[PDB]
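Reading through the structure tokens given below for one structure.
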Amino acid sequence: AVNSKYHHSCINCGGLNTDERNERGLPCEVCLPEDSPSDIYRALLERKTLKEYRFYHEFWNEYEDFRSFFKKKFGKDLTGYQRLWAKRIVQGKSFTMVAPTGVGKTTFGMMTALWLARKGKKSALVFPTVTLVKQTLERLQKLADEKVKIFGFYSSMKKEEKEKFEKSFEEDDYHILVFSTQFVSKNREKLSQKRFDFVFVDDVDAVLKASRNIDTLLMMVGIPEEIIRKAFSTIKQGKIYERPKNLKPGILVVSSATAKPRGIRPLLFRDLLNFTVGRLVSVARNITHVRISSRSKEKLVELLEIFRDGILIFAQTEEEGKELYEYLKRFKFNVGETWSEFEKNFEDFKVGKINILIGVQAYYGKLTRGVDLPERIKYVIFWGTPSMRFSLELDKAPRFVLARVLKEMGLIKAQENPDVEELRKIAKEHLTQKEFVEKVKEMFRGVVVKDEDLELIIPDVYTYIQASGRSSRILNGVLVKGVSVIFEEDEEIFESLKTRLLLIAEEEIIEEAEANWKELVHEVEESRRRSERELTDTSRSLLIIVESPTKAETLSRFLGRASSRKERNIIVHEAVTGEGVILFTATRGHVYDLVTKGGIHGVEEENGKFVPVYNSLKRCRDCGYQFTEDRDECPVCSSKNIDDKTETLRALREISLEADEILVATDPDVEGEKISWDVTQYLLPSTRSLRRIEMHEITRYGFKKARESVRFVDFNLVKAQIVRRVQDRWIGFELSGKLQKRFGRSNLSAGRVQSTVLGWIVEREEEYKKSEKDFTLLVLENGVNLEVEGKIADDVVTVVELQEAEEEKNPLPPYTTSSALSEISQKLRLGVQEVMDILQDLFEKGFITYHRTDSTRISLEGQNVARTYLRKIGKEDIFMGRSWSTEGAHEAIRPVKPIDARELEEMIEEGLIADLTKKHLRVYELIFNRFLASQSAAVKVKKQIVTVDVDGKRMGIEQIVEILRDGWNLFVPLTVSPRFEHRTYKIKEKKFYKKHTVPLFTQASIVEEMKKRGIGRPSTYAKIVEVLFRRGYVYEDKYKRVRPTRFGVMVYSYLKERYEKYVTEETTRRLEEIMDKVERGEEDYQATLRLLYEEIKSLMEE
Ligand SMILES: [Zn+2]
Ligand SMILES: [Zn+2]
């Protein structure tokens, strides 16, 4: 409902269609003239136009055929997982089965094989054991009819059944063949021969013990080994491989990797059949973590009494675990150890004879590789934090400590050296062992440094997450709740565990007094038995579409990348949720853009209203040029290796068919809303289940809270974006074209705002040179320096009036985009564009809120982040609750997690979090300190206002003298000027000089200025400054100040002399304000476009 036009948007003819028609899910006016047909298919047919809309009809029919068949020759309706797998099965696709514990993969395999046998297509079912084969064939024979032809083979075979199998295999008289992995290994040739239209593998790792079996599988679905070798030759080289454009493969469906999918051969499945076979990962965790202040066995016995059945104790050493077992053996609890009688105690605990099992870390970790039954374990008890300890003596040298400390201290060399080498190097320069330890204390932050026993303790957070994760999984539908209890007295180790757990899993560990045990147990058991009612059908498939690959990686990092479909142009990850399956993919940028072909530079004019015409975007991966026109080579470097976006759209359409509900998670500004509307509009004639998300963080919390306020696409944001872009295209092209006649170059003016800023910078030079006054600086005895007007020579300052007061200095509000860009690019020696890239890299990596904001407002959650950090840091006295603003489009720039820069450094150097450079950490530090200083207590200060007399002139100075009560003073430092007595102060030196009273522009002051003047947006600032820079209108001198170039001065002079009315501030501000009003739906859209046109209509005449 924006009345625009998209170029590859017709679903039937594959051509161009309008906004209003794809919104109504219709083909173009050419394919179907009338507005309301009773049925698109038969209408397209009745007008000899039906073309690619056939595929969708055929799809839905031959899907619900599968559905009705499954419902008939089996129980009832499909579950979500089966619904998705079915929708992928009719399109002949291959994929691993992303699902949790026993959802009926074998059932789906049998049913699909049977349904395919109903056509003439032949399938093959592969199983890990030679016993499950028999069970499968049994459950199959009675399930089939007279029609189907099923067989099989194993080790304990019959007499004539063997030769029955061989003979029926010799001349293709089958539809279904059910054999073991043993058969795939042994009879490799026979399988390499045939071509199956369906290959089902129940156990992936059972077959992955031999590359021969991978190659055999690929040669089973119908791939020649020559292609296979020519792909192996590519993946071994490093890069990824594209397959033949029109090659028909068979269907391969497998389970998940029970273990580690090691090797490089598996990658073939990603390049030949377009699916990844990763290990099944589940971040689906519903757990309450509770900590108990000490290892008191009374508390242990009480808890054991409350939990009763399903308890698991983890000890650190085998000795204290032994002692613990000894203690618990006296209290008639049914406890079993794992260090002597293992299999008996495990297979007892597996059934229910034993109620409490005690294991050591490594023991259980390695010996559980067999089974690991989750339905029994409900409570996990830790007798001490699962940690990793290192020696802090000179010898017994840990390499990373030595590396860090030496790199900071004296003999820093390269990036890495041998262990004993660093040992011998630090055996020299260090002061003492004690000084070494102190250096480790100062340097290392985020770990525990026992300088008493010389021990470096680092909480094994991964171990803790697996072990804790034993108490909560997806069982028969419901994410059953669990309880993890830690007995840790060392407060530091607890703090470390808390921040690491909060970082990686976003999970709070609560204290004992805040935990109501009976309630927790009730929860646990209630959900547990609730997972037995067998409704097991809330399963849905979800699709989240984002425009940046980075958001996708950091989405996989908390949703859990299981498999990855190489879908055409894009890559789509799937994961397991509590409510089914989730699919998330990246767009890798914009999709459409204003074509430059027709009308007014692209915007056509029909029916008295303007209509933007969009076309798919193409980026050259070789040079970098972006273009709209549909061509074979790059219109700059003539390369065929171009990345198209219409491909991305086709992929998104097929994916759209395969899912249940679609959410579009583009960023929460106008730009994101446009990419959103392009996508939804293009997808709408495919599925009616599309909505918008607006994530303000990339975290589980951001995801959830954004899904809470899920809505449909807001059109005023779209209209605003379109008006903006149309202005930039119009004034841009026009002025650029006027300058093409005076300077020769064809790519100059990029808009009005850019030329306004150039106006400021260029006009600045003369007023900077102008207002250069002469000053003198005098430093006083028992006083600071003092800058006053020049030529004074009585050599004495006389205090006239004196007054002192006590005042509470509030802190500065949190960084908005302007504040952030300005003060960060000022403090660090960085340009605004690099700072913007950093902020974006921090937001998309889930470390801060939205970096594009014009509001200092902060949520109660953010305040609570401030409080949890102040509480952790030991200074929660100075916490304050300032929300700063009521009016806020978004929220200010704050961190999402109460973790400082140093702690993050530790996490990086260690290996928890990844992909952050020193600059990222510095910027994050700045945002952190700013935000905390915001939410910290006002500093109580004693300040004075001295009226001094110099050369008969009365000058007033005003200085903060005493900090009588601390506050945000610990984050953003505050200085004190020495006290001024009411006497005469002699002048020590009268330094006569001069500085210019109107300073030039830096990049920071440019952003600050166009913020003050209302000339720009949080998304335009750094784009503007960098536009001026890279297009050679501005240079940065020795003091990193912004000065105009000769080119710039000439250009702006031409602009001012010919077109001043169209470029000066007040017009840019008026249009900015007007467009803002358009965004809120206060100002008409077509009317403001009309305004822009009418004012461009006169620029064409000048
Ligand atoms: Zn059409
Ligand atoms: Zn190119």
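When the sequence shown is numbered by the UniProt record's numbering, its final residue is 1103 and no position is left out of the sequence of numbers. All C-beta atoms, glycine included, are put in the ideal place defined by N, C-alpha and C.
- Task: Could you tell me whether the Cβ atoms of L971 and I964 are closer together than 9 Å?
- Result: Start at 1 with the first residue of the sequence shown, and residue 971 comes out as number 970. Start at 1 with the first residue of the sequence shown, and residue 964 comes out as number 963. In this structure, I964 does not lie closer than 9 Å to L971 by Cβ.
- Report the rounded CA-to-CA distance for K249 versus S156, giving the unit in angstroms. On the sequence shown, position 248 is the one that residue 249 refers to. On the sequence shown, position 155 is the one that residue 156 refers to. The alpha-carbon atoms of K249 and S156 are separated by roughly 34 Å.
- Item | Pairwise C-alpha distance: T500 and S657 | Taking the first residue of the sequence shown as 1, we reach residue 657 at position 656. Taking the first residue of the sequence shown as 1, we reach residue 500 at position 499. Approximately 39 Å between the Cα atoms of the pair.
- Message: So for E773, helix, strand or coil by DSSP?
- Response: Reading the sequence shown from its first residue, position 772 is the one you call residue 773. Secondary structure at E773: strand, using DSSP grouped into helix, strand and coil.
- Query: Using the beta carbon as the reference atom, which residues fall closer than 7 Å to any heavy atom of ligand 1, ordered along the chain?
  - Reply: Selection around ligand 1 by beta-carbon proximity, strictly under 7 Å to any non-hydrogen atom, yields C11, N13, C14, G16, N18, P28, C29, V31, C32 in chain order.
- Task: To the nearest angstrom, report how far apart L691 and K231 are at their CA atoms.
- Result: By 1-based counting over the sequence shown, the position of residue 691 is 690. By 1-based counting over the sequence shown, the position of residue 231 is 230. Put simply, the backbone Cα of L691 is about 41 Å away from that of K231.
- Are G784 and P979 touching if we call contact CB-CB under 9 Å? Start at 1 with the first residue of the sequence shown, and residue 784 comes out as number 783. Start at 1 with the first residue of the sequence shown, and residue 979 comes out as number 978. Closer than 9 Å, so yes.
- Task: Could you round the C-beta distance between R895 and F880 to whole angstroms and report it? I think they count as a contact, below 8 Å.
- Result: As a working mapping, residue 895 is identified with position 894 in the sequence shown. As a working mapping, residue 880 is identified with position 879 in the sequence shown. Not quite, the Cβ-Cβ distance comes to about 15 Å (not below 8 Å), so this is no contact.
- Inter-stretch contact at 8 Å, needing at least 3 Cβ pairs: the stretch 530 to 542 / the stretch 466 to 480: Yes, they touch.
- Task: May I have all residues whose beta carbon comes closer than 6 Å to any heavy atom of ligand 2, sorted in chain order?
- Result: Residue list for ligand 2: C621, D623, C624, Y626, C635, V637, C638, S640 (CB closer than 6 Å to any heavy atom, chain order).
- Mind checking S756: buried by the 16 CB within 10 Å criterion, or exposed? Numbered from its first residue, the sequence shown carries residue 756 at position 755. Classification for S756: buried.
- Item | Three-state secondary structure (DSSP) of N418 | Mapped onto the sequence shown, residue 418 falls at position 417. Correct three-state label for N418: coil.
- Rounded separation between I359 and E489 - CA only: Here residue 359 refers to the residue found at position 358 when the sequence shown is read from its first residue. Here residue 489 refers to the residue found at position 488 when the sequence shown is read from its first residue. If you draw a straight line from the Cα of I359 to the Cα of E489, it is about 17 Å long.
- Roughly how far, in whole angstroms, is the beta-carbon of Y380 from the beta-carbon of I312, given that I think they are within contact range, below 8 Å? For the purposes of this step, residue 380 is taken as residue 379 along the sequence shown, with counting starting at 1. For the purposes of this step, residue 312 is taken as residue 311 along the sequence shown, with counting starting at 1. That belief holds up - the Cβ atoms of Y380 and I312 are roughly 5 Å apart, short of 8 Å.
- Message: Please return the same chain residues whose Cβ sits closer than 6 Å to the Cβ of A207, not counting the five positions on each side in sequence.
- Response: If you number the sequence shown from 1, residue 207 lands on position 206. Contacts found: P129, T182.
- Message: Counting C-beta neighbours from all protein chains within 10 Å, is the total for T998 16 or more, i.e. buried, or is it exposed?
- Response: Here residue 998 refers to the residue found at position 997 of the sequence shown. It counts as exposed.
- Query: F67: buried (16+ other C-beta within 10 angstroms of its C-beta) or exposed?
  - Reply: Here residue 67 refers to the residue found at position 66 of the sequence shown. Around the beta carbon of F67, 16 or more other beta carbons sit within 10 angstroms, so the residue counts as buried.
- Query: Which same chain residues, not among the five before or five after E1084, have their C-beta less than 7 Å away from its C-beta?
  - Reply: What you label residue 1084 is simply residue 1083 of the sequence shown in a count that begins at 1. The answer, listed in chain order, is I1075, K1078.
- Message: One question on the structure: do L325 and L913 come within less than 9 Å of each other, judged by their Cβ atoms?
- Response: Residue 325 sits at position 324 when you count from the first residue of the sequence shown. Residue 913 sits at position 912 when you count from the first residue of the sequence shown. Taking 9 Å as the cut-off, the beta carbon of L325 is found no closer than this to the beta carbon of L913.
- Task: Name the one or two DSSP bridge partners that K330 has.
- Result: Here residue 330 is taken as the residue at index 329 of the sequence shown, counted from 1. BP columns for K330 are empty, so no partner.
- What is the DSSP secondary structure of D878, reduced to helix, strand or coil? Indexing the sequence shown from 1 puts residue 878 at position 877. If DSSP states are grouped into helix, strand and coil, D878 belongs with the helices.
- Message: Between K519, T217, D670, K237, which has its C-alpha nearest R1081's C-alpha?
- Response: Walking along the sequence shown from the start, residue 1081 turns up at place 1080. Checking every option, the nearest Cα to that of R1081 belongs to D670.
- Do three or more CB pairs link the stretch 213 to 220 to the stretch 260 to 274 at distances below 8 Å? They touch, by the three-pair rule.
- Message: Among the candidates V484, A260, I293, whose CA atom is the shortest distance from the CA of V278?
- Response: In the sequence shown, counting from the first residue as 1, residue 278 sits at position 277. For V278, the nearest C-alpha among the options comes from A260.
- Run through the stretch 805 to 855 for me and flag every whole alpha helix (DSSP H) of 4 or more residues, listed as ranges in chain order. Restricting attention to alpha helix (DSSP H) runs no shorter than 4 residues, the stretch 805 to 855 encloses them at 818 to 828, 833 to 844, ordered along the chain.
- Out of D204, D633, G579, state which residue places its alpha-carbon closest to the alpha-carbon of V255. The residue labelled residue 255 in the question sits at position 254 within the sequence shown. Answer by Cα proximity: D204.
- Of all the CB atoms in chain C, is at least one closer than 9 Å to the CB of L718? Structure shown: chain C not included; a single protein chain is present.
- Taking only the alpha-carbon atoms, compute the straight-line gap between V604 and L840 and give it to the nearest angstrom. Sequence index remark: in the sequence shown, residue 604 carries index 603 (1-based). Sequence index remark: in the sequence shown, residue 840 carries index 839 (1-based). Each residue's Cα considered, the two are about 34 Å apart.
- In angstroms, rounded to a whole number, what distance separates the CA positions of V592 and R119? Taking the sequence shown and counting its residues from 1, one reaches residue 592 at position 591. Taking the sequence shown and counting its residues from 1, one reaches residue 119 at position 118. Going from the Cα of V592 to the Cα of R119 covers about 42 Å.
- Query: By how many angstroms is the C-alpha of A721 removed from the C-alpha of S1020?
  - Reply: The count along the sequence shown starts at 1 and reaches residue 1020 at position 1019. The count along the sequence shown starts at 1 and reaches residue 721 at position 720. Cα-Cα distance, rounded: 14 Å.
- Residues of its chain near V1050, where Cβ-Cβ distance is below 7 Å and the 5 sequence neighbours each way are ignored: The sequence position of residue 1050 within the sequence shown is 1049, counting from 1. If we look at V1050 and ignore the five residues flanking it on each side, its Cβ neighbours are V763.
- Query: Could you give the residue range of the alpha helix (DSSP H) that holds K298?
  - Reply: Working through the sequence shown from its first residue, we reach residue 298 at position 297. Looking at the DSSP string, the run of the alpha helix (DSSP H) that includes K298 is 298 to 308.
- Would you check if the stretch 413 to 424 and the stretch 448 to 468 touch, i.e. whether three or more CB-CB distances between them fall below 8 Å? Touching, no, given that fewer than three Cβ pairs across the two stretches are closer than 8 Å.
- If you draw a straight line from the C-alpha of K706 to the C-alpha of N608, how long is it? Within the sequence shown, the letter at position 705 stands for residue 706. Within the sequence shown, the letter at position 607 stands for residue 608. Between the alpha carbons of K706 and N608 lies a gap of roughly 43 Å.
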